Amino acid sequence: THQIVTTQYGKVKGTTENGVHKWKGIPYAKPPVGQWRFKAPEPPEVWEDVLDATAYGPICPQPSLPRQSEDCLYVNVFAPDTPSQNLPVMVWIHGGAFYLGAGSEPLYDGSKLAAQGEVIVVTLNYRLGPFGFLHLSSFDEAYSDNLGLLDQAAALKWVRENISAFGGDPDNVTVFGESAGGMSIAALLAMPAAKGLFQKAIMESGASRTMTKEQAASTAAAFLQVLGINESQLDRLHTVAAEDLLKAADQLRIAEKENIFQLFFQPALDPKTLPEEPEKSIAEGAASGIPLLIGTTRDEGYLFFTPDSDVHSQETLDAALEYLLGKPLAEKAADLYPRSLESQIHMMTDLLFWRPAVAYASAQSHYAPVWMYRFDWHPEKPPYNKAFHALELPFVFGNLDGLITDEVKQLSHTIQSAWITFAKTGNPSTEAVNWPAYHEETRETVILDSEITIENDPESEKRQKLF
């Protein structure tokens, strides 16, 4: 029971606390530093001793107490201390607009989920910002685009090859994630690099999201300009200080011509790594047979705009609509968002989260079981009376400190129970809710709140206008 486990690269020793075995800081790839910067993840060098896996590894460098370093490719494992073997495995992919976050953030501690559901929970870090979503393929074929996604895939491959040694079932892996993590999963469900790496998926407030191959190249060129590196000095991309990359990143990202509706960092179309839009691939059966639990919060947009924040600018406003819907649809939908704070908030909720989620769920419904939800809960009294983006996270993980009444603990039990039953069976039904399958004829949706309810074809008027 001292928890020494042999991974394919060497032994690691975790610890046991409050009924949960824990291993933190397990390397799953060679540190992507120096010559390995901007290249696909490689296997880490094997070690012959026993790694004290009781502390989180560094997180990927990002704008800001945890240590940061490009040497950040680590996974963490939480398993229940029970005689039960071959357990379902839930792999978490954190969000953060592709330039923020870490699998080791307190909110994602998997101890409670592991103990309550008797499942294994894996958290991980993947390259972010200029390290993981700066696509340099146009400059050197040796470089890979969508590095952050490749890292996630490598972590999933690590799970497939090593989780049995930790007591998990590599054939019952559920990948789940929120925001950028949900958008990442949208891509992983279709990407060549992630084929066969998981059997179920949960997409929270995030779906198909990509930038064009052309845009990726444009941004890449702008980055090198700021760095003062031309096409005959690419060697310097491997010796330049990480801080210089972070500096260039913030400079370009915060540029006046940049807005929240158009993510500066995000997956990019690329023949080698992500050939086409995830949604399109799914619509053609790329994720056949993979059950999908997907949803959004009712008031997503209120997290990005405050009562006294910037108010539109039809210029950049109409540009957002065309970018998110295409010129033809943008014109037909313009009517829904008359310039105003309210409209920009609704644009965020509807076009960055809701429409993508419904489009993805609809596409997948023709190839696998799909279950859709909308999270409505929030305190009644202002100023926190909105089902803000990410508000369901504390409930999913059972880590409620971020918010604790009995109703809060009750809602967390209801939500976490469904996530657990889904990981185990592919159906999120529990004693508290018989979850109806989502398909295009009825669009039955579960409404998560203190009291569970079901809405058939919710916001149908908005659906007809946006589709």
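The first residue of the shown sequence is 1; numbering continues from there.
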Unresolved deposited residues lying between neighbours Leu403 and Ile404: 4 to 9
Segment of higher mean CA temperature factor, 453-461 or 21-29: 453-461
Higher-scoring stretch by recorded Cα B factor average, 321-329 or 82-90: 321-329
Candidate residues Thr239, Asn162, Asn146, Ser184, the one whose C-alpha B factor the record puts highest: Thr239
Selection from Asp169, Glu105, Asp270, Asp244 [criterion: highest C-alpha temperature factor in the record]: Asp244
Where the record places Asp151 (Cα B-factor, split into thirds across the chain): lowest
Within-chain third of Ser417 by Cα B-factor, per the entry: lowest
Third of chain Cα B-factors occupied by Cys60: middle
B-factor third for the C-alpha atom of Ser343 within its chain: highest
Modelled-residue ranking by C-alpha temperature factor, third containing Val77: lowest
